[PDB]
């Protein structure tokens, strides 16, 4: 575990993370995809061997000894708000199980279902609160990655609010 488990936020490409493992915002088919998933495919392509997994699940594949946790959030274009919310919460619970199983002291994690799977809505708060619900009982240092300047400020505020 980390000596004083923390949350932090950085605005940069998650493929350049300084953590012991990474969470990919994967598609269910283990395809290269776009956005975070394509950056992850370029950096860790070996981790896409048998990475296909259903919505609401996470599947870890090693790239050398570096773990890539493929977490499949729902595409809100296809799910109802209710069913999508349930699958988004479930994907983060499976990430917390994998992080715990791996025994890592730190994890890099993107906000699932906030980009091309958002169904054109702002889901920062919804996705971040499901992240916290899953990760708060873990003792890994969590570093959240984002690309937008206003999102960095909102995520930083949300972390600081809990102290």
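Residue numbers count along the first chain shown, from 1.
- In this entry, 115-123 shows the higher mean Cα temperature factor of the pair 115-123 and 64-72.
- Here the stretch with the larger average CA B-factor, out of 87-95 and 73-81, is 73-81.
- When the CA B factors of the chain's modelled residues are split into thirds, the value for residue 28 lands in the lowest one.
- Per the PDB record, residue ranking by Cα B-factor puts residue 150 in the highest third of the chain.
- When all modelled residues of the chain are sorted by CA temperature factor, residue 57 is found within the lowest third.
- For residue 110, the recorded CA temperature factor ranks within the lowest third of the chain's modelled residues.
- In the deposited entry, the Cα temperature factor of residue 39 sits in the top third of values across the chain's modelled residues.
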